[PDB]
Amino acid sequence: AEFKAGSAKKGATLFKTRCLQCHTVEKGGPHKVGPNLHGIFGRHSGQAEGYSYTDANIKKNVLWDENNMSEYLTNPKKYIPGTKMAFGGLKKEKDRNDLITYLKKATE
């Protein structure tokens, strides 16, 4: 919850190895198990058009920014209990800073 800009090149590799299994970043991109993440920053949770969220994700109603995204990705089910995101998180703050630096641009 204290994000500092990092390495987008590392962040992209992190996205492929840790996220791309369940997510896409491009505009008009397909949903997988998880939603497409285009426009995720500056948007309240649960609002990927065409995806069906849990009540936990919708009720959380979090306005995604770099800080709360970092806290979320540390341990998703702690931040949003009841969510179906079967993913334990990124514990290393440096990974989260890199990943989020990539996401902010990749979903822009």
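Rigid core: the largest C-alpha set superposing within 1.5 Å between the two forms. In case it trips you up, residue 1 is the first one in the sequence shown, and so on.
Comparing 67-75 with 43-51 by root mean square Cα distance to the shown form in 4 other deposited structures of this protein, with the rigid core used for the fit, gives 43-51 as the more displaced stretch. Ranked against the other modelled residues of its chain, the C-alpha B-factor of residue 64 as given in the entry falls in the middle third. Among all modelled residues in this chain, the alpha-carbon of residue 72 has a temperature factor (C-alpha) in the middle third. Residue 83: CA B factor in the highest third of modelled residues in this chain (values from the PDB entry).
Among the modelled residues of the chain, residue 23 sits in the lowest third by CA temperature factor in this PDB entry.
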